[PDB]
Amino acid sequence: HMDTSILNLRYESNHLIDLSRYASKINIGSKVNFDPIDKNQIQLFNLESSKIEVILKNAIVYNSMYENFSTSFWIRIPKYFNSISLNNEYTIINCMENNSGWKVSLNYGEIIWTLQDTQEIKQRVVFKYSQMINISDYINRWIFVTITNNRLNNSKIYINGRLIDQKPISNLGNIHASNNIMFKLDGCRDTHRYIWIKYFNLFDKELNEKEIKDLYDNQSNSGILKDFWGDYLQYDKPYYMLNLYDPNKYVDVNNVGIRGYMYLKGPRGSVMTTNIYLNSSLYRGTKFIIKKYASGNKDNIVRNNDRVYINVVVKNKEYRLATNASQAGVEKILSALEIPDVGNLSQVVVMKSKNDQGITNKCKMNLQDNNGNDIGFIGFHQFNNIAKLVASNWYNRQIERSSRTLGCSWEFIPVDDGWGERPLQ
C-alpha cells in the first residue's frame, strides 16, 4: 500500500530507465551489452566504457544516521578460472563518496556488501559460495540478491530469498553516500571478467522476509521456461540434459530405433583448475533440441504449457524422442526414432514449469499420445540394472515438489562462456 522502491531500473521503450517517480537519470557507457532477447539483462565487461551511471535526485541521496534502506538485483557471475582472481576484491556497484556510503563488491567465490560512515567505521556482510562442488546453485547462474539495512541493528544479505549473513551496524554514525551509483567493474585484475545484472532496485525501508520472498517470486514468475543458467529456454537450440534426482548421471543412447532406448549413466567426470575449481562436467551425453509443434508464437522462446517435439542428436543427426505407449507396464521406455518413421507413436510433449520457488528452469515434460491423452512425465526407471528413460503416469500421481517428482524434473544446459568447459567432441 506504500511506494517503497526509490529506484527501479528497467528496460522500457528502447531504453534502460528508472520507473520510479524520481525518474533518476541513466548514463550508459558505449561498451555495455544487452541480451538480444531479454533486454533487462545487462552485461558489464572489465572495460572503462562498460559502465552505467545512475544520477540520483538529491532527495533520495542517502545521508543519514537512522534511515533504513535495502537493495535488490539479480546477478550472473561467471566461474572464476584463474589464480589472479584469488584475493582480489573488485567493486561492481559503487555509491561511495569521500570514503562514506555503500557498495557491492565481488571476490573469488564472494558477494560482499560494505557500509561506511563518515568517521571511517565500516561493516561488511558476505555471501560465500564454493567452486569445489559437483553442481553449484550459484556459479554462472542467475541468482537473486537482497541486502537490507536497519540502523538500529543489522545489515543482512539474502540470496534467492534466503538469509545468508547478518552483521551489526548499530555503531555506524552518519552515512553520506554518493548522488551517483556507478555500475562498473573497479579493481578487477582478471581482464576477461564480466558480470550480468538485472532489475536493480533501491528501497527506503528494511524489507522484511515476506517482502523479499514476494519480490523473488514476482521477479522470477514468468510464462517463459528457463535454461540451467536462468536464461530463456529456446526452440532449435542444442542442450545437454540434467536430471534433478540423479544429477551425477547423464543421458546416452543404446541404439537408435524402436528396439533401442535412452538411459542415464554416470558419473559425469570432472572439470578442474587446481586451487580454483572442481566441478562435475556438464557437457555430457546426447543433446536434446526442442522443436515447435503447437505454438503460434513466431519467436523461438519456449513458454510454459507449450506442446513440442523433442529431438535427440546422435552422430550429428536428429532423431525423435518417442514411445509405443501400448507396451506393457505403466513405464513407457523412450526411444530415438528416425523422424520420417515415427508414424503414430507417442511424441508430443507438454513443457511444464515445475513452479518451484525461483527461476522457471525446472522443467517437466509430459508425453501425450496423438489424441492428447497423457502418457506421463518423462523420467527414468530401473530395468533393473539400467536406468532407462520412460514416460510414466506414476509421476503425474505423486506429491508436488516431493522426492518422487525429482526423477521427472529436468534442466537444459547450453554451452556458456561463463562455465568454460570444453566439450569432448
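Position 1 is the first residue in the sequence shown; the rest follow in order.
- Stretch comparison (17 to 25 versus 407 to 415) by mean CA B-factor in the PDB entry places 17 to 25 on top.
- Higher average CA B factor: 393 to 401, of the stretches 393 to 401 and 378 to 386.
- Note on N344, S130, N304, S270: the highest value goes to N344, judged by CA B factor as recorded.
- Taking the deposited Cα B-factors for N275, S72, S105, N87, the highest one is held by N87.
- Sorting the modelled residues of the chain by their CA temperature factor places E67 in the lowest third.
- Placement of the Cα temperature factor of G260 within the chain: lowest third of the modelled residues, per the deposited record.
- In the PDB entry, a CA B factor belonging to the middle third of its chain's modelled residues is recorded for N94.
- Per-chain ranking of the deposited C-alpha B factor places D217 in the middle third.
- Ranked within its chain, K122 lands in the highest third, by CA B factor from the PDB record.
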